[PDB]
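The data below hold one chain only, encoded as structure tokens and taken in the form deposited in one PDB entry.
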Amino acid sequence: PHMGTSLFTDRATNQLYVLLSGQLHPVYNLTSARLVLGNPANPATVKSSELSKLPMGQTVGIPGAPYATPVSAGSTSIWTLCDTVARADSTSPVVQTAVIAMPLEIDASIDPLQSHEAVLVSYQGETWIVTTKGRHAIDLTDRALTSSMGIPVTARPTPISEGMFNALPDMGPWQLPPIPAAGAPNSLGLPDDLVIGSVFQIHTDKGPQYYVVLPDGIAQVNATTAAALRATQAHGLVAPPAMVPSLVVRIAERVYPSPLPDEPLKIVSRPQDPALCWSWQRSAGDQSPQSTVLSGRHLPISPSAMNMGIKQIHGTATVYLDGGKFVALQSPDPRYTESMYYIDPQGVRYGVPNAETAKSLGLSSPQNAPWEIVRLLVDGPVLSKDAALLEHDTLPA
């Protein structure tokens, strides 16, 4: 019968020994011992003379596994990816990347982009504009489009890392939404001058409200969008004609999804603000995560935290965390795939193949996390019972 203790530690050496079918085996770590036992056993301390009372076998386990699988007390799952560009204005700008899995300290020196703020970046020979929503493709050699869309010739793109490029959602071209049948007569009963794609205005209590004429109705646009439309094609109008509300209220209203913000676009200076981050967060009970783009002078963590960073030899990012993590990912690989990883305090991810294995390790309720950030971590060996059952020549250290 099972006698309650299948895991032991030599009182003198603190070495681990696991009991398998009446025989002791040295085992590399607690993680491996629990994998083979099928439950998160805690070692019983005994003298070597006690261990010598059982037959001893070869070393078992996963030597590359973390010693154990502790997890930070964690209120909320928070994951942040940060690009820092060194010598942004030089002929040799360099991007460094950090993964932050811990609460942030946000201030005026490093905070979310505001709605009118944007960063011009380069990736693989192409340029993208980064806003609070993600990245938008733009070709800067198209001087007129670029200018109309609020981007000055004084703007210099700076490189983003591959990880940041993957993390930032492609929200579509930085352009005015194309207007079908632009230039053609309106079908809305408006004056002949107001062709499809033209801009008019009506006077309100808050002053002028601008509209664009669409094939299926009229849509409100802000002043910036109105100017951008007219800068591209004014349709022969010196200014947006003033219309009477009696004429306009009768027409179907539509939505024109211009990406241009109300205020003049402010292009952040990378030398001033070398840090660009994508921060992702989700609390237990939440139906959706919330994500935002940060821009500032350094990482959004305390100065004390700025040197608890760890970079793996074969990792791309320096990792900052407040303890271990147990996370659940969902990704199209290319089919919708749910996966689980344990992340050790060193910033290595280890696959947890199924719920049964998680239970063996004493891991429960994995936090939802973004694969875009988590899979940037170095991938260690999968934590499986099959792997842990393997015998080895050499004793644990």
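Think of the rigid core as the biggest set of C-alphas that the two forms share within 1.5 Å after superposition. In case it trips you up, residue 1 is the first one in the sequence shown, and so on.
FYI, the form deposited in another entry isn't displayed, but the following is about it.
K.L.:
Align on the core first; then indicate which of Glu253, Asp322, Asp111, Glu126 has a CA shift of 2 angstroms or more between this form and the one not shown.
P.N.:
Single hit from the list, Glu253.
K.L.:
Fitting the rigid core first, would the Cα of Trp278 be found 2 Å or more away between this form and the one not shown?
P.N.:
No, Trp278 moves less than 2 Å.
K.L.:
Hey, does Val46 budge by 2 Å or more at the Cα between this form and the one not shown once the core is superposed?
P.N.:
Yes, its C-alpha moves 2 Å or more.
K.L.:
By the 2 angstroms cut-off, has the C-alpha of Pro264 moved between this form and the one not shown once the rigid core is superposed?
P.N.:
No, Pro264 moves less than 2 Å.
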